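Spelled out, the chains give:
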Amino acid sequence: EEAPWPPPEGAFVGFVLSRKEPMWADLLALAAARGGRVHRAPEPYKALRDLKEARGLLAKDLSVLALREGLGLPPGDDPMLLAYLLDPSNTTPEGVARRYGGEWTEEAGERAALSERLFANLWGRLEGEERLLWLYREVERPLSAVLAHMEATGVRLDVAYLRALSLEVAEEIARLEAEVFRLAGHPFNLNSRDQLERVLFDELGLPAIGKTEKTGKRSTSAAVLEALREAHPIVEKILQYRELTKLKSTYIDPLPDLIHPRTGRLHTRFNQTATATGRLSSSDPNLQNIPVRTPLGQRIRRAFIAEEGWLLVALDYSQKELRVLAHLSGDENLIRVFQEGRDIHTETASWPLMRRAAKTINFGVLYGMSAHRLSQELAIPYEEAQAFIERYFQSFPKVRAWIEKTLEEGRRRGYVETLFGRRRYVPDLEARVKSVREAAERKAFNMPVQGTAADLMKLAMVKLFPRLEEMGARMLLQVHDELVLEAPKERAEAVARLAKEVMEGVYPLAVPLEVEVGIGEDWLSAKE
DNA sequence: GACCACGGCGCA
DNA sequence: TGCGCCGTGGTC
Ligand SMILES: Nc1ncnc2c1ncn2[C@H]1CC[C@@H](COP(=O)(O)OP(=O)(O)OP(=O)(O)O)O1
Ligand SMILES: [Mg+2]
């Protein structure tokens, strides 16, 4: 079985990395498998040149590493993408192998043979699933290539800016900590939620709103604290200390230490097989959760900058998931708001900012928000919130109808579907415990929405990418409903016009897709 | 050194 | 609703 390297063309590849992150990994071993043969390469890096496409489990990763090494080696078939389309709970090679007749090993050879067999079985199970087959060829498989090029490109970080910002923020943090300690009458580890809990609820006269989920301690979460705002001057200082040490410990300090030596840029991983709805995730580091909603957060966004001679182009679908819902439900009054190009969190507010009472709820229909989350996060009475939630479902009848429609059907089939037929199996829809059944219901009806928006965005990236190469531009990040591009300073405005139209027309619905676009020297300014 | 559970929170 | 990462407390 053991044939000499190189392997027959179009064989399944296995490979061992020294660590998960392709951009930081040493390629320990490389092998291939085809026609019941196993070809282990004598020297991994050398053998990498002999490939025309990575084909096998985790193809994108190997391709990202090749790309890092100058080799233009594109990802192709991946048994992982197939498994993920069958059941999005297939997020792992350990899980997938086990499930479809293999064993995820630490040997490149056994991994290559695992890639061959696994693909055989998985691809057979997709014979009969034409909509899932359409997604795999037209969206997923091509997408993996686009993602390999985003991961290899990276985004430029303003290191010295973050260094200086760390020093400023550390001083403020010290001031908040000293204030908190004076109000507490004694020092303690303010990072420790346990010690904090004793201080607030025991030593002080503070009431305890709620409990934590797994161990039932008195919660010191932000929600609980915002309620205790007026109850004591220490609370306010703790809210500020929380925000500052969150942003410092998670972004300001770690990010500068991840610049790659060769490239001088920051490289995330876009996980294509991670979420239950069809969305991408990002890790090592996560760049889909860089701060923005706060002033300190926005100072962190500025750190992300264009290469010298380039600009960033930030494109951003407006009310993406809402528009998807209008199309999925077929609700008249809702479509005739987007078609009239009318403000959504204002024209929905007309059925003062009795208008964020339109936004925070528009968001809270997708998630299945309860009258509570609404009132207690809207700073108004409880039944003032309930009235709002019923006034909304009066204006938009077919929404309620689509939600119930989707749940009934998901009970019978055991799964739900995006506009394109991406599935998520939801088993507890017939659980006999109300809280479990109803939790199942909320992820069941949210999935078609969220996952359809993700399908549209994925398809938009697959269509946009080739147009960018032609124009000398590059795609840097995706944040669920936003894209960040990088273009030569001279063609920025042409690229912005173009990317915008590609995204708006990705797949026409019963409602228009409006995209906002900004250009700037940094991520903050590129969003107008 | 690695890893785990938890509470907590950054973003969409 | 969907993620990934932080420090703390803790095990191995
Ligand atoms: N506070 C929140 N809670 C839950 N989901 C949220 C959220 N904020 C955003 N999302 C999710 C849901 C959709 C998306 C929200 O993006 P935009 O904040 O930009 O809201 P948009 O609909 O575009 O209206 P615009 O604000 O521009 O007036 O991320
Ligand atoms: Mg927006």
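What counts and what doesn't
Residues numbered from 1 in each chain as written, not as in the entry; some residues may be left out. Chains lettered and ligands numbered in written order. Heavy atoms only, no water. Residues with missing side-chain atoms left out of burial classes, pairs and counts. UniProt positions renumbered as here; feature names shortened; annotations may be inferred. Core = buried A, V, L, I, M, F, W, Y, C linked by side-chain atoms within 4.5 Å. Buried < 20%, exposed > 50% of the residue type's maximum accessible area, 1.4 Å probe, protein only. Helix = DSSP H or I, 4+ residues; strand = E, 2+ residues; numbered from the N terminus. Near = heavy atom within 4 Å. Polar contact = N/O pair within 3.5 Å; in protein donor to acceptor, adjacent residues only side chain to side chain. Pairing = 2+ DSSP bridges. Axes fitted to C-alpha atoms, helices over the stretch in contact; angles between N-to-C directions. Domains from an automatic or database assignment. Areas by Shrake-Rupley, 256 points an atom, 1.4 Å probe, with all protein chains shown as cover. Nonpolar A, V, L, I, M, F, W, Y, C, P; charged D, E, K, R; others polar.

Looking at the method and resolution fields of the entry, one finds X-ray crystallography and 2.39 Å.

Chain A has the name DNA polymerase I in the PDB entry, where Thermus aquaticus is given as its organism. Quoted verbatim from the Sequence similarities field of the UniProt record, the comment on chain A reads "Belongs to the DNA polymerase type-A family."

**Considering the nonpolar core**
Core analysis: the biggest nonpolar cluster contains 142 residues, and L255, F304, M461, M475 and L485 have the highest contact counts within it. Per element, the largest residue contribution to this core is 15 residues, and it comes from helix 19 (residues 434-470).

**Overview of the protein's contact with DNA strand C**
Near DNA strand C there are 23 residues, and of these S192, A276, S281, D284 and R424 occur at the shortest range. In DNA strand C, atoms within 4 Å of the protein come 80% from sugar and phosphate. Interatomic distance of 3.3 Å between a side-chain N/O atom of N191 and a phosphate oxygen of DNA strand C. The side chain of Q450 places a nitrogen or oxygen atom 3.0 Å from a sugar or linking oxygen of DNA strand C.

**Some points on the sheet that holds strand 4 (residues 37-40)**
An order of 1-4-3-2 is seen for the four strands of this open sheet, with the pairing classed as mixed. Where the open sheet ends on each side, the last strands, each with one partner, are strand 1 (2-4) and strand 2 (12-17). Each neighbouring strand pair of the sheet contributes to a mean axis angle of 30°, computed without reference to strand direction. Taken together, the four bridges between strand 3 (residues 27-34) and strand 4 define a ladder with antiparallel strand orientation. Bridging from a neighbouring strand, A33 pairs with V38 of strand 4.

**Here's the deal with the domain arrangement of chain A**
By the assigned domains, chain A splits into domain 1 (1-152), domain 2 (153-269), domain 3 (270-319 + 454-526) and domain 4 (320-453). When each unit is reduced to the centre of its C-alpha atoms, the spacing between domain 2 and domain 4 is 33 Å.

**With respect to the site of ligand 1**
Every residue lining ligand 1 is accounted for by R293, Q319, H345, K359, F363, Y367 and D481. Within the backbone of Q319, an N or O atom sits 3.4 Å from an oxygen atom of ligand 1. Within the side chain of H345, one N or O atom sits 3.5 Å away from an oxygen atom of ligand 1. Burial of ligand 1 by the surrounding chains reaches 58%, relative to a free accessible area of 580 Å². Residues belonging to the shell around ligand 1 are distributed by class as follows: two nonpolar, two polar and three charged. Per-domain counts for the shell around ligand 1 show at least three residues from each of domain 3 (270-319 + 454-526) and domain 4 (320-453).

**Remarks on the protein's contact with DNA strand B**
Inspection of the region around DNA strand B gives 27 residues, with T212, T215, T220, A222 and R293 positioned closest. Within 4 Å of the protein, the contacting atoms of DNA strand B are drawn from sugar and phosphate to the extent of 80%. A distance of 3.2 Å separates a phosphate oxygen of DNA strand B from a polar side-chain atom of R242. Between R293 and DNA strand B, the recorded distance is 2.8 Å, taken from a side-chain N or O atom to a phosphate oxygen. The element best represented in the surface near DNA strand B is helix 10 (residues 233-252), accounting for four residues. Classifying every residue of the surface near DNA strand B by side-chain character gives eight nonpolar, nine polar and ten charged.

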